Amino acid sequence: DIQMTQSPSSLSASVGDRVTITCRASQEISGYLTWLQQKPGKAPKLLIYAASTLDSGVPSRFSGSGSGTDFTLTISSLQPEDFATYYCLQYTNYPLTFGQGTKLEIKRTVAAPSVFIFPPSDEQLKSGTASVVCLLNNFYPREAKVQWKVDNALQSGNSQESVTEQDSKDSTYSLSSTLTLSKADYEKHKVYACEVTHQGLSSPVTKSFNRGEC
Amino acid sequence: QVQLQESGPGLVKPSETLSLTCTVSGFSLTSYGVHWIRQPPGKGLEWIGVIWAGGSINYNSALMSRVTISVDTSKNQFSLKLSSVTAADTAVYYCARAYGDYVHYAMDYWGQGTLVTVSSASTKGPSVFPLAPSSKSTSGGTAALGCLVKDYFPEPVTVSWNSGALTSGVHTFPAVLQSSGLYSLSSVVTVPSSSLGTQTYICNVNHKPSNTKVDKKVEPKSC
Ligand code: NA
Ligand code: NA
Ligand code: NA
Ligand code: NA
Ligand code: NA
Ligand code: NA
Ligand code: NA
């Protein structure tokens, strides 16, 4: 096996920056080195083959060089849609082997979240459970503090967070916090609130509702 | 136009044999073959093997004893069998078009992949609940609405809005494990807040492993 060593394993850069990703092969692979781009949720896409040949349709800001054991992928003006994991692949020797991947993250300016809250649906309540969903939409950086307050009492142990990958156009994140109670527990309190603290907010924002008012 | 389409079972019980097909169109099976690659969730890529235009096969020797690769040119479909599967074989399985000679073994176009989950457990379809828009999900001229897709196994579920006509502003969150061992996710979309009484919003949930297809209308609330 030829071991393909990629560096760095992750990488953050601003839009417009030049970024460089290198691949080292444990043995000489001549020029049979391909670079692949994998956007979240999708299959890998061919960027460059034969170390330096751009595939038809790939933007000219991508460029590949190197020979023997040391190869480089260059993006000359990083664009938001270039957020992805990049893989090198040698294909001169069986088994084909990939590098471990470089995840390229985009630095952008601070962006405040828009905060939305959803009361539980009657359909779910009829089944004995109450999920309350708090939505933070299109914000940056990723670090965010979401706290559930139930009748002004901070909750723990009954919520879960999910964050999207950076948006391919504006590099922001979105986040969901989901508070799940049994119907009996849910019916013991009135005010359901999520309080959000984020770099882009000058003071924490609270979105709330009273049970049964919707 | 070159197309490759994988098809798999979704859930496979341990020690059984995984059976995958890749159906192709747009190129000559006398000049191209396919590679098989897999990707465990969150991890890198691992080449499994390749079948060449003339029928020659090359294996990843680590998996060779369990792997069987073949072609049926009348069906335009390639196949991969992986026997005695374990949780180590849970992954997205891709096929990719193969070309080359005896010195280079290139690959260009991939299919979109199929997620194989190896588990003793039985499949379970999701419950879909509305996340209703209201003043509490409205900022100015923008309102947010969504679908909570709850208590399914295994991954994945796909979510579209209004049969694919609503794509702008959709966020389908990555699934999260619950302490019950079942997954849960939300799909949200921001729409114009003046449209809540004139445009119907329906999320379309498809959980293929359980052959479950749900369309849920999301109606507003009044708070
Ligand atoms: Na070596
Ligand atoms: Na439930
Ligand atoms: Na960040
Ligand atoms: Na995402
Ligand atoms: Na704050
Ligand atoms: Na199977
Ligand atoms: Na690998």
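All of this is worked out from the model, or read from it or from the source named; no laboratory read-out is quoted. Using ideal geometry, Cβ is built from the backbone for each residue, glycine included, and neighbour counts are taken over all protein chains shown.
Residues of the range A:103-158 being more than 16 Å from ligand 3 (Cβ to nearest atom) and among the aliphatic types (A, V, I, L, M), which ones?
Scanning the range A:103-158 gives A:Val115, A:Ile117, A:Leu125, A:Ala130, A:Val132, A:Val133, A:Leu135, A:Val150, A:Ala153, A:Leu154.
May I ask you to say which residue of A:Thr85, A:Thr72, A:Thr102 is under 20 Å from A:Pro44 (Cα atoms), surrounded by fewer than 21 Cβ atoms within 10 Å (Cβ to Cβ), more than 16 Å from ligand 4 (Cβ to nearest atom) and outside the structural domain of A:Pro141 (by TED's automatic domain parsing)?
A:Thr72
Which numbered condition trips up B:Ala98, out of (1) out of contact with any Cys (no Cβ under 8 Å at 6 or more places or on another chain); (2) free of Cβ contacts under 8 Å to residues at least 60 places away in the same chain; (3) more than 8 Å from chain A (Cβ to nearest Cβ); (4) under 30 Å from A:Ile29 (Cβ atoms)?
Of everything listed in (1) out of contact with any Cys (no Cβ under 8 Å at 6 or more places or on another chain); (2) free of Cβ contacts under 8 Å to residues at least 60 places away in the same chain; (3) more than 8 Å from chain A (Cβ to nearest Cβ); (4) under 30 Å from A:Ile29 (Cβ atoms), B:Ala98 misses just condition (2).
Conditions (1) in contact with a strand residue (DSSP E or B) (Cβ under 6 Å, 6 or more places away or on another chain); (2) under 17 Å from A:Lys42 (Cα atoms); (3) more than 10 Å from every other protein chain (Cβ to nearest Cβ); (4) more than 16 Å from ligand 5 (Cβ to nearest atom), marked per residue:
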| residue | (1), (2), (3), (4) |
| --- | --- |
| B:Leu4 | yes, yes, no, yes |
| B:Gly26 | yes, no, yes, yes |
| B:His35 | yes, no, no, yes |
| B:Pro40 | yes, yes, yes, yes |
| B:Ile48 | yes, no, no, yes |
| B:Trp52 | yes, no, yes, yes |
| B:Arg66 | yes, no, yes, yes |
| B:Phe78 | yes, no, yes, yes |
| B:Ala91 | yes, yes, yes, yes |
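Within the range A:92-144, track down each residue that is within 7 Å of chain B (Cβ to nearest Cβ), within 20 Å of B:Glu219 (Cβ to Cβ) and not hydrophobic (A, V, I, L, M, F, W, C).
Selection gives A:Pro119, A:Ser121, A:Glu123, A:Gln124, A:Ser131.
What tally of residues in the range B:48-67 results from selecting those that are out of contact with any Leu (no Cβ under 7 Å at 6 or more places or on another chain) and farther than 14 Å from B:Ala96 by Cα?
Total meeting the criteria: 12.
If you go through the range B:74-92 one residue at a time, how many are farther than 19 Å from B:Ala121 by Cβ and loosely packed, with under 12 Cβ neighbours inside 10 Å?
2
Would you pick out the residues in the range A:1-22 that are within 16 Å of ligand 7 (Cβ to nearest atom) and either small (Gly, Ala, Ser) or more than 29 Å from A:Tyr173 (Cβ to Cβ) (or both)?
Residues satisfying the conditions are A:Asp1, A:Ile2, A:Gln3, A:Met4, A:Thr5, A:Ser7, A:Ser9.
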